[PDB]
């Protein structure tokens, strides 16, 4: 149902841009630390933001600090950990905080199960936990049942499924509310939201962008709620280049 995106918006239109990172602005890698956004693409994003009053943000499941490393030397408004971390246009950061006992008890729980799930990696994010299983796809059903049971015993936590990852996040955190928080703040407010993403976490953003009369763009294959689709990360780059230089 999603329509192939072919038109590039004009550089000085009234758009507010929201970009996912992994699988959208950067190609998918076997390991997250090999992921890179080419410096040419970062310059296009920075020029696009500059012509749109700074209304451009990165909306990612990665931690805020990892986004700053990937976007170096540029510093954009950010949503990290699916919205549990956020940095507005004023550089002000907002952090969702979990009870210290919850973080300690859950991490100890998840770590003890890894001996029976070899190849899985537990990434601790301060207020969230990510279970990476790209090196062992067989563990996916177990990690889902395990994380689902974590969210039942600790109702402060919610489930976030993703590409080769099962993520445990604070309840009420999602990229839709992250985009919402931005859309009521000075630079983004009064513009039309454009959100480009590729994973299940991005579907929540697609929903609020569609309801807002904005432009939602799915990257890659799979069922989507987005109205528009790009076929691959290099197609995002080419779309980005055509906005900057028609």
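Positions refer to the first chain, counted from 1.
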Stretch exceeding the other in mean C-alpha B-factor - 31-39, 193-201: 31-39
74-82 set against 98-106, stretch whose average Cα temperature factor tops the other in the entry: 98-106
Of the residues 11, 233, 223, 21, the one carrying the largest Cα B-factor as recorded: 11
B-factor third for the C-alpha atom of residue 64 within its chain: middle
Third of the chain, ranked by Cα B-factor, where residue 163 sits: lowest
Ranked C-alpha temperature factor of residue 211 among modelled chain residues, by third: middle
Chain-relative CA temperature factor third for residue 171: middle
Ranked C-alpha temperature factor of residue 155 among modelled chain residues, by third: highest
